[PDB]
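Notes to accompany the following structure.
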Number of protein chains: 2
Amino acid sequence: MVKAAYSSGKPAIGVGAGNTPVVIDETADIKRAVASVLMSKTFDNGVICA
Amino acid sequence: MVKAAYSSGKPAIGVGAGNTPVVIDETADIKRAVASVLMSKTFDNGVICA
């Protein structure tokens, strides 16, 4: 519906969300990264914006 | 063409002009008002924006 709001000839701003990626390289801590991802993703079954 | 620029599904801002009115009441100077209007209107035959 944000494309429906855009193509209506009126002023419109849309609050959306994109697919947010996470990059883990080789020189990072491994335990805290997995702990952080598992902590943030299960929050309210992952219906938070972005 | 500003309506053509608006209805294209892209970000767009338009530099336009409206009909600009002048209100002259009874408690004004009369000579300087007419002098100002005739001075500003004949500038470049009145093709200035607004």
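Ideal geometry is used to build each Cβ from the backbone, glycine not excepted, and the neighbour counts take in all protein chains shown. Taken together, the values in this text are just the output of simple stated rules run on the coordinates, not laboratory data.
For chain A, report the convex hull volume of the alpha-carbon atoms normalised per residue, in Å³, without decimals.
97 Å³
For the rotation carrying B onto A, the chain B residue whose Cβ lies nearest the axis, with the distance in whole Å, reads B:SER7, 4.
Output the 0 to 90 degree angle, nearest 10, between the alpha-carbon long axis of helix A:31-41 and the longest principal axis computed from the alpha carbons of chain A. Long axis of A:31-41 versus the principal axis of chain A: about 30 degrees. With label points set 7 Å from Cα along Cα→Cβ, the inter-copy distances at B:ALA50 are 3.4 nm, sorted shortest first. If only the Cβ of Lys and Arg carry +1 and only the Cβ of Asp and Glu carry -1, the dipole of chain B around its Cα centre is close to 280 debye. Relative to the Cα centre, the charge distribution of the protein assembly as shown, modelled as +1 at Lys and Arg Cβ and -1 at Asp and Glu Cβ, gives a dipole magnitude of about 280 debye.
Listed by chain and number, the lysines placed with their C-alpha closer than 17 angstrom to that of A:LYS31 are A:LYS41; residues fewer than eight positions away on the same chain are left out. Candidate cross-link partners of B:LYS3 among the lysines, defined by an alpha-carbon separation under 22 Å and a same-chain spacing of 8 or more, comprise A:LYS3, A:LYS10.
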